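J.: using only what follows, build the 3D model:
(chains A, B, C, D, E, F and G, ligands or ions: 1)
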Amino acid sequence: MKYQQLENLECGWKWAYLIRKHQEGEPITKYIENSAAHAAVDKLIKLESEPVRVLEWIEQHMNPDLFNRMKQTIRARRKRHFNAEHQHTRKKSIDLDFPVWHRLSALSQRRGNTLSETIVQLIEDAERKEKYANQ
Amino acid sequence: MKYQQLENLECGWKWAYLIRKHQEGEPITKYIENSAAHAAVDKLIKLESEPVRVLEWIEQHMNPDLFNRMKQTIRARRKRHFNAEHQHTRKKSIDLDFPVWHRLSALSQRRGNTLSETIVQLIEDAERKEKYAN
Amino acid sequence: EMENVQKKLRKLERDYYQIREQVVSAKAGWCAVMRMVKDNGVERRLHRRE
Amino acid sequence: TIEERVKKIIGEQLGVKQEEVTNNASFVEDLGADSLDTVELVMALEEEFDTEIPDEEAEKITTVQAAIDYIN
Amino acid sequence: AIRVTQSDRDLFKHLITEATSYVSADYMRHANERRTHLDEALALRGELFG
DNA sequence: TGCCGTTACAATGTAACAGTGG
DNA sequence: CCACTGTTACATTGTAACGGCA
Ligand SMILES: *P(=O)(O)OCC(C)(C)[C@@H](O)C(=O)NCCC(=O)NCCS
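T.: Numbers count the residues shown, from 1 in each chain, chains lettered A, B, ... in the order given. Structure data below:
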């Protein structure tokens, strides 16, 4: 375990995720009957200020589909929350044109390294050229 | 004008955008009184499936300050919609670690190029170095 | 050899720049907070040295 | 400009008013910045202009006027 | 009157204590790490200058 | 100007892989 | 083995800022 797990924060995250999914129209409940699903959703809504019971609501009415997406989303949210503290640990999102991305990805799988590592090697070669021009 | 604009599509986009914003708590309407805002929002909700009247609804009840954001969101939606048809026109999104991004952007502002142009030039130089050696 | 060492020097320079910027930003945010807590909620209530 | 970026750095690194930070305003007595506060001020001045200063020549700087004098 | 005053006192006590606990701890945490980062940066700076 | 394309981001969600420990 | 965690590489949508153009 590298990231501290906080219960009262991850529980709130989970509740918000469930509410977002439902309001998006998805069937968070495991119930096919409309009435039981509605009752479970209403109770979940009441659980707004009690994130602790959200775990129990999960164990009682959460759709079996969502375990993987849940554990993925909350894991990623935890990682991002802990990384956002410092800039040097932050991430920057950029968009690339298809030809450029195609060439870059081909180069990276050729070198067997991540995109950031490939960019590091490339920019380092350019900066090495600049340095040798300078010395 | 590069992309032709389609009403039954862009109007649905606008309706969905406004509904999303309202669900997010944004004040869609210009009415400070909660009753008029709620009435207008209900009209909008029941206004689904209507371009020619959602446009009028916007003209009549729309919040003044969201016009630009909605306009640019629709611009981006249109451009993405037209570009997502072909592979060469699509765009690939990636995440770069902050130091790497800082250095790459340093190069891009220094040279006046965009990220795509800067990376293309750098890769081309790397390829040229390979060919020099090879 | 000296140029080789200077490359490591530049690496260390970048590291130090990273740390200096991090600390500078932390101080800037902290000063903003202090200016925002002129309401006297900071002297002991916020600053529980315990 | 440099002569107002210096004030921007000093005020937002010490939290003092822009009006307070004049050319002759000494950091320790006028602005109240102590050892670490002054260290952070010099570090921020370094960061602003992406330059470096010697330790002794930096510590010699103990006023807004001296700060600008070394910067410009 | 007794009921109302008791409720008010309890609410005030709880709110104040919990708000202080919630805020001051993060404040101290940040202060501590800023101190630590400064300490580290000085060593980096000295080594760099040499 | 007012629209319109365009870029460079931000925020969140996912799939997939790699690690880690019991 | 097995589960849970950390990480990367995207996608998806929104936004602000430029710059072109009538
Ligand atoms: P403030 O009273 O806390 O004083 C801080 C300090 C001036 C002692 C500190 O900022 C500092 O300068 N430390 C390093 C001193 C030095 O010259 N060391 C040599 C390089 S490690």
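
J.: near chain C, which residues of chain E?
T.: Proximity of chain E to chain C (C-beta under 8 Å from any C-beta of the partner chain) is limited to residues E:20, E:23-24, E:27-28, E:30-31, E:33-34, E:37-38, E:40-41, E:44-45, E:47-48. The C-beta positions use only the backbone N, C-alpha and C, and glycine is treated the same way.

J.: name the element residue 9 belongs to?
T.: Chain wasn't specified; assuming chain A. Per DSSP states H and E, residue A:9 falls inside helix A:7-23.

J.: the chain in question should be chain C.
T.: Per DSSP H and E: helix C:2-36 holds residue C:9.

J.: relative to helix B:98-111, how tilted is that helix?
T.: Interaxial angle, helix C:2-36 versus helix B:98-111 (axes from the mean of the first three to the mean of the last three C-alpha atoms, to 10 degrees): 100 degrees.

J.: the helix holding residue A:9 and chain E, any residue contact?
T.: No - between helix A:7-23 and chain E, judged by C-beta under 8 Å from any C-beta, nothing touches; the nearest distance is 10.7 Å.

J.: hmm, that helix touching DNA strand F?
T.: Yes - against DNA strand F, helix A:7-23 shows contacts by C-beta under 7 Å from any atom of the strand at A:16-17, A:20-21.

J.: stretch A:99-116 too?
T.: No - judged by C-beta under 7 Å from any atom of the strand, stretch A:99-116 stays clear of DNA strand F, getting no closer than 9.7 Å.

J.: buried residues, that stretch. List them.
T.: Buried residues in stretch A:99-116, counted by 16 or more other C-beta atoms under 10 Å in any protein chain shown: A:100-101, A:103-104, A:107-108, A:115-116.

J.: out of those residues, which sit inside helices?
T.: A:100-101, A:103-104, A:107-108, A:115-116 (DSSP state H).

J.: out of the residues you listed, who's nearest chain C?
T.: Among these, residue A:116 lies closest to chain C (C-beta to the nearest C-beta), at 15.7 Å.

J.: that closest one against residue B:100, yeah?
T.: Yes - assessed by C-beta atoms under 8 Å, residue A:116 is found in contact with residue B:100 at 5.0 Å.

J.: out of the residues of chain E next to chain C, which end up buried?
T.: Looks like the residues of chain E next to chain C have E:24, E:27, E:34, E:37-38, E:41, E:44-45 buried, using 16+ other C-beta under 10 Å.

J.: adding distance to chain B, write the residues you listed out as CSV.
T.: Listed next are these as CSV, based on distance: C-beta to the nearest C-beta, whole Å:
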residue, distance to chain B
E:24, 30
E:27, 26
E:34, 19
E:37, 16
E:38, 21
E:41, 17
E:44, 16
E:45, 19
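
J.: re earlier: which among the residues of chain E next to chain C are in contact with the ligand?
T.: Checked against the ligand using C-beta under 6 Å from any ligand atom, the residues of chain E next to chain C give no members in range.

J.: hmm, back to that, what packs against the helix holding residue A:9?
T.: If contacts are counted by 3 or more C-beta pairs under 8 Å, 6 or more residues apart in numbering or on different chains; DSSP states H and E, helix A:7-23 sits against helix A:34-46, helix A:52-61, helix A:67-83.

J.: just the CA atoms of that helix, as CSV, please.
T.: This file holds the C-alpha atoms of helix A:7-23, laid out as CSV (Å, rounded to 0.1, in the frame of the first residue of the first chain):
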residue,chain,number,x,y,z
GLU,A,7,-12.4,6.0,5.0
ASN,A,8,-14.5,9.1,5.4
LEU,A,9,-13.2,10.4,2.0
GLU,A,10,-13.3,7.3,-0.1
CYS,A,11,-16.8,6.6,1.3
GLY,A,12,-17.9,10.1,0.1
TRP,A,13,-16.3,9.4,-3.2
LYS,A,14,-18.2,6.2,-3.5
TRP,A,15,-21.5,7.8,-2.6
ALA,A,16,-20.9,10.6,-5.2
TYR,A,17,-19.9,8.0,-7.8
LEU,A,18,-23.1,6.0,-7.2
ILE,A,19,-25.3,9.2,-7.3
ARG,A,20,-23.6,10.3,-10.5
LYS,A,21,-24.1,6.9,-12.1
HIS,A,22,-27.8,6.8,-11.1
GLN,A,23,-28.5,10.4,-12.2
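
J.: buried stuff in it?
T.: So, applying 16+ other C-beta under 10 Å, buried residues of helix A:7-23: A:10-15, A:17-19, A:21-22.

J.: of all the residues you listed, which two lie farthest apart?
T.: Farthest apart among those by C-beta to C-beta are A:10 and A:22. That separation is 18.7 Å.

J.: closest to chain E among the residues of helix A:7-23 next to DNA strand F?
T.: Nearest to chain E among these, with distances taken as C-beta to the nearest C-beta, is residue A:16, at 19.2 Å.

J.: quick one: the closest one and residue A:106, what's the gap?
T.: 39 Å (C-beta to C-beta, to the nearest Å).

J.: swap in residue D:3?
T.: 51 Å.

J.: could you do residue E:47 as well?
T.: Residue E:47 sits at a distance of 41 Å from residue A:106 (criterion: C-beta to C-beta).
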